[PDB]
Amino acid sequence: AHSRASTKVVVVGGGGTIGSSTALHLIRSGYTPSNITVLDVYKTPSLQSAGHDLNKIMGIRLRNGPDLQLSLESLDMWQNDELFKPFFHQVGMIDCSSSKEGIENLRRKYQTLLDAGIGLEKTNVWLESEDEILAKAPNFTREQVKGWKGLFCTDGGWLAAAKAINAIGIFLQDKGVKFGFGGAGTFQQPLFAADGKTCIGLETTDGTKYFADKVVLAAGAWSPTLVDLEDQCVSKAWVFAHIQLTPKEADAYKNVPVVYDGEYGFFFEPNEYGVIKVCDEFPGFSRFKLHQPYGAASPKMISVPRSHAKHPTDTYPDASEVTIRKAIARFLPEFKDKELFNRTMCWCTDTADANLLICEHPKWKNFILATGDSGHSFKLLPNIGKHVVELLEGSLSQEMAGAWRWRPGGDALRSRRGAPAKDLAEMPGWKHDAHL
């Protein structure tokens, strides 16, 4: 515990999901706005954030105990918090499959919700027939959904990810939070007291020093490139592309639920401009490089994001074009011949157990790690920062702290993905620098 009036906190990655949430909650908790500094490479929402997207799925996670609480806190805020409400489109979500194994997995998912005995059945509906699926998704045809079975999350939908992070940044700026970007916002190293162990701020790549009582490293997929996380977090890329619908087609897809099949991927209702985003589903791609983060004695093998923001001409691997097109054929057969654009790789960071890594650095007192999003944490935007502030103040619940603790040793490359990510170096087609 410490004064909220006199304590300075610097948040690194303030343009991102966990960083923005943290900044927001320092301000809501009553920290002096001018004592809060938010740093990022790019002005918020950072072009580089995994959160800078037309959309992310809003759904429920149950694996661990924290999952359930986090998921319910999240939903409550997206539904009722004035700041967040406009960016949650509660169109529901259909999780479907037509394979023997995929359907059994869905029945398992449903059983799981039911087994919790907190009334999840009232917002999660089993869809056993074509009729029930067609009712949730009128764009589908009966022939198309032959043998499909479904779980419908009536509570679910999608999140206007970039807009929501932007709204936080506006709020913070208004309150008088300090910001640093580019050279003045790019983390280089922590600064230490004379003991070499107590963190007292951080220095950026342009040499600017920021002194503060607590530092929060919420740099997302770049976090393990900035400090040695001992393989707890492996950054991986997922992929998406866009297709343009005509005004007529776009009208038809208005308010369609998010549609997801673990064997294919998912798509979202068109944005205001008639554009649908399609994603596949796969274990992600790594991009290992020899890299020496601050504090490391020798260079390490770290998956270093290949950022679309830095490399506008990058697309994604040829293997992704195949799987994206398979998703389109499955979900949007009438659009098979639409041309794709904005082919993009977007980066997240996996831990071995898919839980967050939110904890004080084991050696550097006052330096908090807040990462390990594991590719399903955008929905935690509204609430995750509350628990980061709790950690900062020493009041984080023991079960939550334990789940998120420093815990080197697992296999983050495989995580809970069913397979280790393949490396971009082995997956041709994404790099186009070489017309230059």
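In case it trips you up, residue 1 is the first one in the sequence shown, and so on.
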For the higher mean C-alpha B factor in the entry, choose 202 to 210 or 239 to 247. 202 to 210
Would you determine, from the values in the PDB entry, which of 215 to 223 and 148 to 156 has the greater average C-alpha temperature factor? 148 to 156
Most elevated Cα B-factor in the entry, residues 37, 398, 44, 383: 44
Residue selected from 403, 60, 391, 26 by maximal Cα B factor: 60
What third of the chain does residue 387 rank in for C-alpha temperature factor, lowest, middle or highest? lowest
In terms of the CA temperature factor given in the entry, to which third of its chain does residue 19 belong: lowest, middle or highest? lowest
Would you mind ranking residue 64 by its C-alpha B-factor against the rest of the chain and naming the third, lowest, middle or highest? highest
If you rank every modelled residue in this chain by C-alpha B factor, which third holds residue 88: lowest, middle or highest? lowest
Please rank the C-alpha B-factors of the chain's modelled residues and tell me whether residue 278 sits in the lowest, middle or highest third. lowest
